[PDB]
Amino acid sequence: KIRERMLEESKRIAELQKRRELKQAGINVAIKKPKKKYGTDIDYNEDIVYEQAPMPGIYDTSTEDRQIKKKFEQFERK
RNA sequence: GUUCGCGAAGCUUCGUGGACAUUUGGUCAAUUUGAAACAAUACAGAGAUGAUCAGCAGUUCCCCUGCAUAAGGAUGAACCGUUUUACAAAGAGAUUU
Ligand SMILES: [Mg+2]
């Protein structure tokens, strides 16, 4: 099992290396093939449970989130 | 077209008023682009445990075969990994006011 895992990891790194090599060309990372209608847990958001609308509700939270996300764009860029 | 009445020409023929009968079918339109699977090649490859092997379950936002609430599917599939805080009390030494 461990060996299999290791192999998988190796494969993944190889893939990454390949993409790095062919970076000047536009390249997309291959997704794990689905077996019987599953979720790719990047998109969609998985089975979300609510924030639960409370009494002392303030709208700065959204702003904060946006701010947080701004930084990650920068990271992506670099 | 059927016909039951009226009006003109020669029971036969035209012109009319009515009655009869009355709204089908499509969640679909014919080849690639609205989603079938096996197969094949290559590559590995078989539950515990030292090894070999049986069977049963269990969890799941995985299913298949099965008439099935039988039974069977690699022990049917994935589970084998990650694992640092409701965290306080006492003692000793050090820098800052
Ligand atoms: Mg068996």
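Since every read-out is calculated from the coordinates, none of them should be taken as a lab result. Cβ coordinates were reconstructed from backbone atoms using ideal geometry, including for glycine residues, and neighbour counts include every protein chain displayed.
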In degrees rounded to 10, the 0-90 angle between helix A:60-77 Cα long axis and the longest Cα principal axis of chain A is 20
Output for region A:1-72 (equivalent-ellipsoid semi-axes, sqrt of 5λ from the C-alpha gyration tensor, Å, descending) is 36, 20, 12
Any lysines whose Cα falls less than 22 Å from that of A:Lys70, other than same-chain ones fewer than 8 residues away, would be A:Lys78
Filtered hits (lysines, Cα-Cα < 26 Å from A:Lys33, offset >= 8 within chain) -> A:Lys1, A:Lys11, A:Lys18, A:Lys23
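Near A:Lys70, within a Cβ-to-Cβ distance under 14 Å, what is the net charge of the other residues, with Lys and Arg +1 and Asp and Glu -1? List each step's numbers first, then the result.
On the way: positive: A:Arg66, A:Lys69, A:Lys71, A:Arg77, A:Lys78; negative: A:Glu64, A:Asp65, A:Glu73, A:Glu76.
Result for the local shell: +1.
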Dipole check, chain A, charges on Cβ (K,R +1; D,E -1), about Cα centroid: among A:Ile27, A:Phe75, A:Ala14 the Cα furthest to the positive pole belongs to A:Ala14
For chain A, the longest principal axis of the Cα atoms and the Cα long axis of helix A:2-21 enclose an angle in degrees, to the nearest 10, of 90
